[PDB]
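Hydrogens, waters and symmetry mates play no part in the numbers below; they use all other heavy atoms, side chains included. The chain is numbered in sequence order, starting from 1.
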Amino acid sequence: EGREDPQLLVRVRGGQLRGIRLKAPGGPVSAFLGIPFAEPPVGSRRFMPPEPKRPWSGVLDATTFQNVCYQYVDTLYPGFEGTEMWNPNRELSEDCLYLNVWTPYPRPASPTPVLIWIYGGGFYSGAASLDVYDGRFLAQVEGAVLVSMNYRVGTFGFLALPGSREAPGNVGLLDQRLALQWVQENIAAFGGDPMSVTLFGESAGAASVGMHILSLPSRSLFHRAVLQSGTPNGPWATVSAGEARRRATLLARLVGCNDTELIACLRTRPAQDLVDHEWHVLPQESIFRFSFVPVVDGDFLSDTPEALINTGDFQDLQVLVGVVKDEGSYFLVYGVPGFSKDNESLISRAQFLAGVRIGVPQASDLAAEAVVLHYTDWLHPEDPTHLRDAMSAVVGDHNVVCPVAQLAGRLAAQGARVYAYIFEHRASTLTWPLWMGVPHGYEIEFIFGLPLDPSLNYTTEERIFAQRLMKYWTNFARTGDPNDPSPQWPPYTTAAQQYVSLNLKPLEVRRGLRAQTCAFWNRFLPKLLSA
Ligand SMILES: *[C@@H]1O[C@H](CO)[C@@H](O)[C@H](O)[C@H]1NC(C)=O
Ligand SMILES: *[C@@H]1O[C@H](CO)[C@@H](O)[C@H](O)[C@H]1NC(C)=O
């Protein structure tokens, strides 16, 4: 100490930290990156619930992002920014339980509302250090205290032998919870208000948020919640204990392995070997399905998310939820024949029927025909453009839009204050093809205010747009109302089903979140599948 920037030295429960002055377009922010919050979940701790980080001595340097949790690395389009932006940007390691904090510079004088980000990536990938999660803009422009944590994904985070001691399941979610607890105890040191904590996340991050809402021990740890393009209910975010057990033992076999001994063998395997077989345990050929996700353990999750939302009391809850215009397009190039980023992906009626079986992998023959019947345009049954887009809609509706619809409806019917949106602006910088429209994941860069960074080549209108969204999100975190005390954003209600469009145009209000089609997925399909 002595000749150091006095405004970057901070103490937390575990010890002393030195952070970094970062440049944002409109001025400096304080960043504290790679703060450990758990004991490394390595060796005999693999598959185990996280234990809190033991205090250290000296000044921990907190000026760079820490390791990314060990994970699958995408290879579909090597070199292509559209896929690479989501790939790990620091060394892969099982020792990865660290978190990040951005705050105004100098730090806030009064207690500031805290946003906590939880990244998505199907519960098998992701990292808080990605460029699209850069907190400097929300910190600098809105004066937010922003926190984001790494959590274990894949087998390391979610492989479960339900009931066992050595692999209880959901430890990735416990990593998240431990970091929420860390914020409660320590965020005041940075000027953050522990009594105003809003969770937000996208895709599996969104599902994670939803699960914290549904799990009592997390409830005391936050006050409001944003769920972007993801839900804890729906077909991909959880598996039953039986299915978890089945996938865990299959994967053990594949790598050469009484729960205790099985798990102990798994713990002897190099991280990379587990990753190399993680995609080989899915029950059917599929897209938008992930091998190791939260399990219904009857503990963290006392029952299925469907049951928990259908019956829970949510009077104290304020939630913001929404979707992008083309939730499904992204996923089609990852396993539906006929789809590519490199061409128009016009497909035949045959490819559409085949796409449906892969897109709705759990459907019986009858259920799948119902899907094809509903989505077919009977004026143009064979039109390759309609079919391409209908395949997208099937995947988007089944996995995101309708699970979101069910969530908003149940939450509202049961006391929560809900705001709902659809994001419809396509980044002028998007590198995916036009046919994909506004794909899943591509609102995030706007919510975090990347267009304010002049070197990123967004349009002036995109810059203004981003600022608006930053205002909505931070207003909602601040007050539980996106609106600024300009057209208004009404709550979503069972009776009016109102939501807003988010684009370059001023807020426009709409009614019914795919009401008709979602009745099919949410009300009819369940009944049909039995049997
Ligand atoms: C686009 O690419 C995919 C995969 O290479 C291919 O199957 C399909 O035939 C192509 N579409 C057209 C109409 O050229
Ligand atoms: C932005 O535009 C300039 C000028 O064309 C270009 O040289 C630069 O690489 C661009 N940056 C990005 C990331 O698009």
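- The aromatic rings of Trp236 and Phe123 sit tilted, their planes meeting at an angle between 30° and 60°.
- With rounding to the nearest 0.5 Å, the separation of CD in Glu202 from CD1 in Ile444 is 3.5 Å.
- A donor-acceptor contact shorter than 3.5 Å links the side chain of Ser329 to the backbone of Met436.
- Within the 3.5 Å criterion, the main-chain N or O of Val438 finds a donor-acceptor partner in the side chain of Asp326.
- Contact check for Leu76 versus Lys341: no side-chain heavy atoms found under the 4.5 Å cut-off.
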Q: For side chain to side chain contact (heavy atoms under 4.5 Å, CB included), just list the numbers for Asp5 and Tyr105, CA-CA rounded to whole Å, side-chain angles, deciding distance to a tenth of an Å, and then say yes or no.
A: CA-CA 12 Å; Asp5 182 342; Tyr105 179 111; 2.6 Å; yes

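- Counting heavy-atom neighbours within 6.0 Å of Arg219 CZ, excluding the residue itself, gives a total above 12.
- Counting heavy atoms from C-beta outward, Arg90 and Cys96 have side chains that stay 4.5 Å or more apart.
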(Q) Working note: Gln467 + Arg463, criterion side-chain hydrogen bond (donor to acceptor under 3.5 Å, both in side chains); need CA distance, chi angles, decisive distance, verdict. (A) CA-CA 6 Å; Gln467 286 166 315; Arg463 205 248 303 127; 3.1 Å; yes

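- A pairwise comparison of heavy atoms in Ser428 and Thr459 identifies OG-CG2, 3.9 Å as the closest pair.
- A salt bridge does not link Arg514 to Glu327: none of the charged side-chain nitrogens sits closer than 4.0 Å to a carboxylate oxygen.
- Using cut-offs of 30° and 60° for the angle between ring planes, the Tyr375 and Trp521 rings count as tilted.
- The shortest heavy-atom contact between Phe314 and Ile309 is CE1-O, 3.7 Å.
- Under the 6.0 Å cut-off for aromatic ring centres, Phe331 and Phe288 qualify, their centroids lying closer than that.
- Looking at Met211 and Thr238, their side chains come closer than 4.5 Å, going by heavy atoms from C-beta outward.
- Two residues are said to be in side-chain contact when any heavy atoms from C-beta on lie closer than 4.5 Å; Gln140 and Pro25 fail this criterion.
- Atom OG1 of residue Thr385 and atom CG of residue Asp377 lie 11.5 Å apart, to the nearest 0.5 angstrom.
- Atoms CG and OH, from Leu33 and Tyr98 in turn, are 13.5 Å apart once rounded to the nearest 0.5 Å.
- Under the 30°/60° scheme for interplanar angles, the aromatic rings of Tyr330 and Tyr334 are found to lie parallel.
- Within 6.0 Å of atom CZ in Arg510, more than 12 heavy atoms from other residues, nucleotides or ligands are found, so the atom counts as buried in its surroundings.
- Looking only at distances, no side-chain donor or acceptor of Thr231 sits under 3.5 Å from a matching main-chain atom of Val404.
- Applying side chain to side chain donor-acceptor pair (under 3.5 Å) to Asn503 and the options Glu424, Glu508, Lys325 leaves one that passes, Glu424.
- Side chains of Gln318 and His223: no donor on one and acceptor on the other come within 3.5 Å.
- Screening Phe465, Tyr442, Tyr458 for a ring pair (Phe, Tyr, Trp, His ring centres under 6.0 Å) involving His425 leaves a single residue, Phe465.
- In this model, a donor atom of one side chain and an acceptor atom of the other lie less than 3.5 Å apart for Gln362 and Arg289.
- In this structure, the side chain of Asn150 engages the main chain of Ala128 through a donor-acceptor pair within 3.5 Å.
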Less than 3.5 Å apart, which donor and acceptor atoms pair up between the side chains of residues 293-300 and the rest of the protein, not counting sequence neighbours?
{"unit_1": "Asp297", "atom_1": "OD1", "unit_2": "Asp299", "atom_2": "N", "d": "2.8"}
{"unit_1": "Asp297", "atom_1": "OD1", "unit_2": "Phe300", "atom_2": "N", "d": "3.1"}
{"unit_1": "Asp297", "atom_1": "OD1", "unit_2": "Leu301", "atom_2": "N", "d": "2.8"}
{"unit_1": "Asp297", "atom_1": "OD2", "unit_2": "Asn170", "atom_2": "ND2", "d": "3.0"}
{"unit_1": "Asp297", "atom_1": "OD2", "unit_2": "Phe300", "atom_2": "N", "d": "3.2"}

Q: Before giving the answer on side chain to side chain contact (heavy atoms under 4.5 Å, CB included), spell out for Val226 and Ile447 the whole-Å C-alpha distance, their side-chain angles and the decisive distance to 0.1 Å.
A: CA-CA 12 Å; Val226 182; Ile447 309 290; over 6 Å; no

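- The side chain to side chain donor-acceptor pair (under 3.5 Å) analysis of residues 107-135, with sequence neighbours excluded, yields the pairs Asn89-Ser129, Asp134-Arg136.
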Q: Please assess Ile118 against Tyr151 for the test side chain to side chain contact (heavy atoms under 4.5 Å, CB included), listing each intermediate value before the final yes or no.
A: CA-CA 9 Å; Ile118 303 177; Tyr151 62 92; 3.7 Å; yes

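- Atom CG in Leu174 sits 9.0 Å away from atom CD in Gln181 (nearest 0.5 Å).
- Nearest heavy atoms, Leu507 versus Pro487: O-CB, 3.6 Å.
- Side-chain polar atoms of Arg410 and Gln406 form no donor-acceptor pair below 3.5 angstrom.
- Taking OG from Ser218 and CG from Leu173, the interatomic distance works out to 8.0 Å, rounded to the nearest 0.5 Å.
- For an aromatic pair to be called close, the ring centres must be under 6.0 Å apart, and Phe448 with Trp473 fails this.
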Q) side chain to side chain contact (heavy atoms under 4.5 Å, CB included) between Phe37 and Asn186: does it pass, once the steps are laid out? A) CA-CA 11 Å; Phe37 67 93; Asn186 300 289; over 6 Å; no

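- What you find for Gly512 and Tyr499 is that their closest heavy atoms are O-CE2, 3.4 Å.
- Of all heavy-atom pairs spanning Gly34 and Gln66, the tightest one is CA-CG, 3.6 Å.
- Smallest separation of non-hydrogen atoms from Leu320 and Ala420: CD1-N, 4.3 Å.
- Taking CZ from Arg224 and CG from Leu115, the interatomic distance works out to 9.5 Å, rounded to the nearest 0.5 Å.
- With a 4.5 Å cut-off on side-chain heavy atoms, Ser215 and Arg177 count as touching.
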